[PDB]
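Visitor: Need the 3D shape of this:
(4 chains, ligands or ions: 4)
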Protein chains: 4
Amino acid sequence: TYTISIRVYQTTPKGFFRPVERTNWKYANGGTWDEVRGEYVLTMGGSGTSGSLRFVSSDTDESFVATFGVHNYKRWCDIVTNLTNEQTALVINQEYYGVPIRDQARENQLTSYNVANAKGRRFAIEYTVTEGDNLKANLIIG
Amino acid sequence: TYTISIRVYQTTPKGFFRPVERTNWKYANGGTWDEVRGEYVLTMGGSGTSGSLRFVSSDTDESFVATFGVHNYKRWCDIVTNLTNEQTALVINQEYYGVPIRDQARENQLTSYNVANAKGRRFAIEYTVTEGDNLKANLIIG
Amino acid sequence: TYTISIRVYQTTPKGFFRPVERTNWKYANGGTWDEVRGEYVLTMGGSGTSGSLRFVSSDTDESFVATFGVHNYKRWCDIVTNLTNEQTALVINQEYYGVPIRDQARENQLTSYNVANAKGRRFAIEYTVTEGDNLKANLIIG
Amino acid sequence: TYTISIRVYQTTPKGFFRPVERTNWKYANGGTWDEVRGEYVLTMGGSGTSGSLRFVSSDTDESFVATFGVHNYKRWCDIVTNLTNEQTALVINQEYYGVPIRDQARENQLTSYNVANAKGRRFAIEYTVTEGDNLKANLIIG
Ligand SMILES: CC(=O)N[C@@H]1[C@@H](O[C@@H]2O[C@H](CO)[C@H](O)[C@H](O)[C@H]2O)[C@H](O)[C@@H](CO)O[C@@H]1O
Ligand SMILES: CC(=O)N[C@@H]1[C@@H](O[C@@H]2O[C@H](CO)[C@H](O)[C@H](O)[C@H]2O)[C@H](O)[C@@H](CO)O[C@@H]1O
Ligand SMILES: CC(=O)N[C@@H]1[C@@H](O[C@@H]2O[C@H](CO)[C@H](O)[C@H](O)[C@H]2O)[C@H](O)[C@@H](CO)O[C@@H]1O
Ligand SMILES: CC(=O)N[C@@H]1[C@@H](O[C@@H]2O[C@H](CO)[C@H](O)[C@H](O)[C@H]2O)[C@H](O)[C@@H](CO)O[C@@H]1O
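Guide: Residues are numbered from 1 along each chain as shown, chains lettered A, B, ... in the order given. Ligands and ions are numbered 1, 2, ... in the order given. What follows is the structure:
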């Protein structure tokens, strides 16, 4: 059993990103999302699965999906932005198990990642605890 | 644009079901989940899509996925229980758009649905507003 | 350090009670309220303090304040209903440290309590774990 | 009836402030706290009351209470930090109605306020809508 506990930081008062979706991939006995002490907690039944969070800023027509998981006993993460309306977290979560470019992101087993949207705003995941059963990450909205 | 506002009634202090997942299907320009005044609000960009909520009772090894949507401009719902660990909301939500036994439930455009798990616990969805752009439903856990 | 973890059960689809306020009394180094895995968690820095939750049903003009605490190393609880608009949780929480009838409720160190409003609806607190540092209770809305 | 909708911006991934308390003062027919689309919404029954939010960073031994209200039909705000353990939101909210150094802050009817704690961290409230029945404010944690 793994947990990934996520702290969300919204760093600029320009626009407002709100949570809109949280998904669980089906591998390794699946997993759950819990809110715990102001954090988003992804619990997974083993290595080889993941969960996604989608955030939307309707003020500025911006959005992103942040995905967190464990691949071969090492944590991984990715962010997808410039989302079409068809790119919900349900859709994006699954792409990490069949789409080569997404597969590669997972295989990278990154402790940190960033990507910018077409509007120039950057998003980042930073694992602050990178080892063990109880992993911790910052999700930073630029 | 459609909304479905959901009030959750957990009626029996035997076990405890907690929210663990909320998904959005990709059709009809997708959708979002919001928490508003203690209610779950599914917003959708048109007719032909849906969203799912999974709840889990860890104390009693119970779980269910409740799905809400609009099909051909009429609201629909379904509940799936007796879940395997591989049946996350991500999985179940998507099955309503390709799996015949799930497709048919969606096509029924039901204003109410009730089901029991193997342990005899009943789960129900009852729409209280069944027409118009802003729909309302009770989710009742027995 | 004590925690009291509270599971809220709303048992009838008649009206809808939503959370509106959560307060902490100042004794024993104060305390906090956290949402953890769908539960309300009151953490307190020792014996001799408490915290309150207020719920409101605007559909039916009903409300109540449920208070939980530890007095002389034994848990206690009370519910106040038939609230005036001036009876917020902030007000009610404090009354257990100066108002004789409220003082008495606290001194009772009850594992369970119930009270009905003028509309005939009953509310109950039931401690399921009554001893130790990590206490658990059901808040049942009739 | 007044509303104040609050967007929280936690801007620095050094420490983590989590919500721990939300209180309502008793004047002007009281009020409520709601979570709406990722925002905190304080609703009040008239002019002359307020509500408080306490946030705590356990990692860094930091905390603050942010208070929002309407005084003589104009919005007001204040932040208190460097809190003792006895200074819960319940305590602080009430002090704005009898304690001179707090009364004066309320009477200032400020559209913006900023303060630093002993460790040098800045906290700010900035109203984005300053007139009418439905007010809006950013709460910025530095
Ligand atoms: C150890 C590990 O991380 N393995 C993953 C593997 O996860 C496993 O998937 C199977 C079903 O395919 C099953 O759910 C099992 O419980 C999981 O541990 C992934 O399938 C692949 C991605 O293709 O990556 C690793 O091998
Ligand atoms: C109007 C309606 O309810 N139609 C649905 C249809 O939804 C549409 O799907 C397409 C993509 O196929 C697109 O997303 C469009 O925006 C939607 O309105 C569903 O595809 C089907 C599923 O069987 O059911 C109706 O025809
Ligand atoms: C052990 C216990 O429960 N004692 C309470 C007492 O709590 C204590 O209050 C003082 C300040 O008065 C201080 O905050 C200390 O940390 C607390 O443990 C209560 O004051 C009284 C109620 O009047 O009840 C017990 O004695
Ligand atoms: C209109 C206004 O803002 N007045 C406030 C006043 O609020 C009123 O308080 C009384 C009880 O004293 C009652 O609750 C009424 O509904 C409120 O409008 C405040 O009491 C004072 C605090 O100094 O400030 C103004 O006068």
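Visitor: show me where chain A has helices.
Guide: A:89-95, A:100-107 (DSSP state H).
Visitor: So what does residue A:37 look like in phi/psi?
Guide: Here is the backbone geometry of residue A:37 (degrees, to the nearest 10): phi 50, psi 40.
Visitor: Hmm, it is touching residue D:18, no?
Guide: Yes. Counting by CB atoms under 8 Å, residue A:37 touches residue D:18, with 5.4 Å between them. Backbone N, C-alpha and C define where each C-beta goes, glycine included.
Visitor: Name the residues contacting each of these two.
Guide: Common contacts of residue A:37 and residue D:18 (CB atoms under 8 Å, 6 or more residues apart in numbering or on different chains): residue C:34.
Visitor: hang on, the earlier thing: mind checking which of the helices of chain A is nearest chain D?
Guide: helix A:89-95 (15.6 Å; CB to the nearest CB).
Visitor: Can you show me the strands along chain A?
Guide: All strands of chain A, identified by DSSP state E, fall at A:2-10, A:18-24, A:31-36, A:39-44, A:50-57, A:62-71, A:74-81, A:112-116, A:122-129, A:134-141.
Visitor: among those strands, which is nearest chain C?
Guide: Using CB to the nearest CB, the nearest of those to chain C is strand A:31-36, at 4.8 Å.
Visitor: Show me how far that closest one is from its chain's centre.
Guide: What separates the centre of strand A:31-36 from the centre of its chain is 13 Å, taken as CA atoms, centre = their mean, to the nearest Å.
Visitor: Same question for stretch A:6-21.
Guide: That offset, for stretch A:6-21, works out to 13 Å (CA atoms, centre = their mean).
Visitor: start to end distance for it?
Guide: With CA to CA, to the nearest Å as the measure, stretch A:6-21 spans 15 Å from end to end.
Visitor: Pull out the buried residues from that stretch.
Guide: A:6-11, A:15-21 (16 or more other CB atoms under 10 Å in any protein chain shown).
Visitor: rewinding a little: with distance to residue C:60 as new columns, can the strands of chain A be given to me in CSV?
Guide: Output for those, formatted as CSV (distance: least, CB to CB, whole Å):
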stretch, distance to residue C:60
strand A:2-10, 36
strand A:18-24, 29
strand A:31-36, 28
strand A:39-44, 34
strand A:50-57, 33
strand A:62-71, 38
strand A:74-81, 44
strand A:112-116, 48
strand A:122-129, 43
strand A:134-141, 39
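Visitor: can you put these in TSV and add distance to chain D?
Guide: Formatted as TSV, the strands of chain A follow (distance: least, CB to the nearest CB, whole Å):
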stretch	distance to chain D
strand A:2-10	5
strand A:18-24	3
strand A:31-36	10
strand A:39-44	8
strand A:50-57	9
strand A:62-71	13
strand A:74-81	15
strand A:112-116	12
strand A:122-129	7
strand A:134-141	5
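Visitor: To ligand 1, which of the ones you listed lies closest?
Guide: strand A:62-71 (5.2 Å; CB to the nearest ligand atom).
Visitor: near chain B, anything from the closest one?
Guide: No. Strand A:62-71 stays clear of chain B (CB under 8 Å from any CB of the partner chain), getting no nearer than 9.5 Å.
Visitor: cool, stretch A:12-28 as well?
Guide: Yes. Applying CB under 8 Å from any CB, one finds stretch A:12-28 touching chain B at A:18, A:20-27.
Visitor: near chain C at all, that stretch?
Guide: No. Contact of stretch A:12-28 with chain C (CB under 8 Å from any CB) is absent, the minimum separation being 13.4 Å.
Visitor: That stretch close to ligand 1?
Guide: Yes. Against ligand 1, stretch A:12-28 shows contacts by CB under 6 Å from any ligand atom at A:27-28.
Visitor: Find the nearest non-adjacent residue to residue A:117, please.
Guide: Nearest non-adjacent residue to residue A:117, counting by CB to CB, 6 or more residues apart in numbering or on different chains: residue A:81, 4.2 Å away.
Visitor: so the one you found touches residue A:114, yeah?
Guide: No. Under the criterion of CB under 8 Å, residue A:81 makes no contact with residue A:114, lying 10.4 Å away.
Visitor: ok, these two, which is more surrounded?
Guide: residue A:81 (19 against 13; other CB atoms under 10 Å in any protein chain shown).
Visitor: gap between that one and residue A:37?
Guide: Distance, residue A:81 to residue A:37, using CB to CB, to the nearest Å: 27 Å.
Visitor: related to what we said a few turns ago, name the nearest of the buried residues of stretch A:6-21 relative to ligand 2.
Guide: residue A:21 (17.1 Å).
Visitor: could you dump stretch A:72-87 to PDB, C-alpha only?
Guide: Provided in PDB are the C-alpha atoms of stretch A:72-87 (Å, rounded to 0.1, in the frame of the first residue of the first chain):
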ATOM      1  CA  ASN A  72       8.100  -0.400 -10.700                       C
ATOM      2  CA  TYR A  73       8.400   0.700  -7.100                       C
ATOM      3  CA  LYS A  74       9.400   4.300  -8.000                       C
ATOM      4  CA  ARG A  75       7.000   7.300  -7.900                       C
ATOM      5  CA  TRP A  76       6.200   9.100 -11.100                       C
ATOM      6  CA  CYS A  77       4.200  12.200 -12.100                       C
ATOM      7  CA  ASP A  78       3.100  14.200 -15.200                       C
ATOM      8  CA  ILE A  79       1.000  17.300 -16.000                       C
ATOM      9  CA  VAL A  80      -1.000  17.800 -19.200                       C
ATOM     10  CA  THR A  81      -2.300  21.200 -20.000                       C
ATOM     11  CA  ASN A  82      -3.800  23.000 -23.100                       C
ATOM     12  CA  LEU A  83      -6.700  20.600 -22.600                       C
ATOM     13  CA  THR A  84      -9.500  20.200 -25.100                       C
ATOM     14  CA  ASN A  85     -13.000  19.800 -23.500                       C
ATOM     15  CA  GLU A  86     -12.700  16.100 -24.300                       C
ATOM     16  CA  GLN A  87      -9.600  15.700 -22.200                       C
END
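Visitor: That one and ligand 1 in contact?
Guide: Yes. Stretch A:72-87 lies within reach of ligand 1 by CB under 6 Å from any ligand atom, at residue A:72.
Visitor: So which bits of that stretch are buried?
Guide: For stretch A:72-87, the neighbour count (16+ other CB under 10 Å) marks A:75-81, A:83, A:87 as buried.
Visitor: quick one on the thing from earlier: can you name the two of the buried residues of stretch A:6-21 that sit furthest apart?
Guide: A:11 and A:21 (21.8 Å; CB to CB).
Visitor: about what we covered before: what subset of the residues of stretch A:12-28 next to chain B is also close to ligand 4?
Guide: Okay, of the residues of stretch A:12-28 next to chain B, nothing touches ligand 4 (CB under 6 Å from any ligand atom).
Visitor: Format these as TSV; extra columns: distance to residue A:104.
Guide: Converted to TSV, these look like this (distance: CB to CB, whole Å):
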residue	distance to residue A:104
A:18	30
A:20	26
A:21	24
A:22	24
A:23	20
A:24	22
A:25	17
A:26	21
A:27	17
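Visitor: List just the nearest of these to residue C:65.
Guide: residue A:18 (29.2 Å).
Visitor: Around the closest residue to that closest one other than its chain neighbours, how many other residues sit close by?
Guide: Nearest residue to residue A:18, sequence neighbours excluded (CB to CB, 6+ apart): residue D:38, at 3.2 Å. When neighbours are counted by other CB under 10 Å, residue D:38 registers 18.
Visitor: What does residue D:38 show for phi and psi?
Guide: Per degrees, to the nearest 10, the backbone of residue D:38 is at phi 80, psi 10.
Visitor: ok, it - contacts?
Guide: A:16-19, B:34-35, D:7.
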